[PDB]
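S.K.: Heads up, the first sequence is in the entry's author numbering, so the first residue is 34 and it goes up one at a time.
By construction, the Cβ of each residue, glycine as well, lies at the ideal position given by its N, Cα and C atoms.
Below are the structure tokens for one structure; questions will follow.
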Amino acid sequence: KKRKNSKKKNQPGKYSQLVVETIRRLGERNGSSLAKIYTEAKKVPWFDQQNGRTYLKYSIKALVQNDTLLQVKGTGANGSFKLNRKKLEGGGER
DNA sequence: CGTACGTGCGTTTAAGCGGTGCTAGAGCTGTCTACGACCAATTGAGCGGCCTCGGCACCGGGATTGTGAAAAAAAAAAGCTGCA
Ligand SMILES: [Ca+2]
Ligand SMILES: [Ca+2]
Ligand SMILES: [Ca+2]
């Protein structure tokens with residue numbers, strides 16, 4: 034349907050998935066923080082201890098831009114990120 | 001319940017050792033006089049004694065500040081549902 038419309042929607046990577054799973058899994062409040070999600074994110078056996086935190090940082094920055102996720106205050110530290118996916122297109126928009 | 005610490009490995013580092021070589025500077029000696037003790041005479045700073053009057057302790061009255069109770073809202077929290 035037209036040009037740059039009805040697009041691929043490439044499935045996110047295992048860390049970007051873990052960020053979303055973890056945010057919903059313990060999410061019933063006004064925001065889930067970077068440091069919070071990291072705390073039991075690393076409980077997962079395949080999680081790369083040395084870099085994982087940085088991967089989760091890449092994910093959250095991209096998920097917010099995607100409009101998959103949204104920040105309650107979300108500048109640098111604390112941030113707090115609620116999945117804003119609920120009331121949206123869900124299919125992508127420019 | 002989360003992870004900071006303790007353990008134990010293999011790998012890396014530089015302390016420790018014994019030695020040599022060089023000389024700064026610690027420390028000793030001898031000399032000589034500037035400086036401090038000691039003294040006697042002089043006298044004025046600082047002592048005790050004494051008097052006074054204004055600060056400050058104490059009081060009463062009023063202004064002000066902070067606390068706690070009760071009632072009522074805002075909010076998290078909890079237990080309760082069917083679905084999916
Ligand atoms: Ca702790
Ligand atoms: Ca000397
Ligand atoms: Ca006096």
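Tell me which same chain residues have a C-beta within less than 8 Å of the C-beta of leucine 89, skipping the five on either side of it?
M.R.: The residue labelled residue 89 in the question sits at position 56 within the first sequence. Short of 8 Å from the beta carbon of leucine 89, and not among the five residues preceding or following it, lie these beta carbons of its own chain, in chain order: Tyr48, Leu51, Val52, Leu67, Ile70, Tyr71 and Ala74.
S.K.: Taking all protein chains shown into account, do 16 or more other C-beta atoms lie within 10 angstroms of the C-beta of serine 92, making it buried, or fewer, making it exposed?
M.R.: For the purposes of this step, residue 92 is identified with residue 59 of the first sequence, where counting begins at 1. Its Cβ being crowded by 16 or more others within 10 Å, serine 92 is buried.
S.K.: Whose CA, out of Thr108, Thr101 and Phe114, lies closest to the CA of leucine 121?
M.R.: Locating residue 121 in the first sequence gives position 88, where the first residue counts as 1. Among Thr108, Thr101 and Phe114, the Cα nearest to that of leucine 121 is on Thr101.
S.K.: From the DSSP output, read off the bridge partner residues of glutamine 104.
M.R.: Counting from one through the first sequence, the residue named residue 104 turns up at place 71. Paired residue(s): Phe114.
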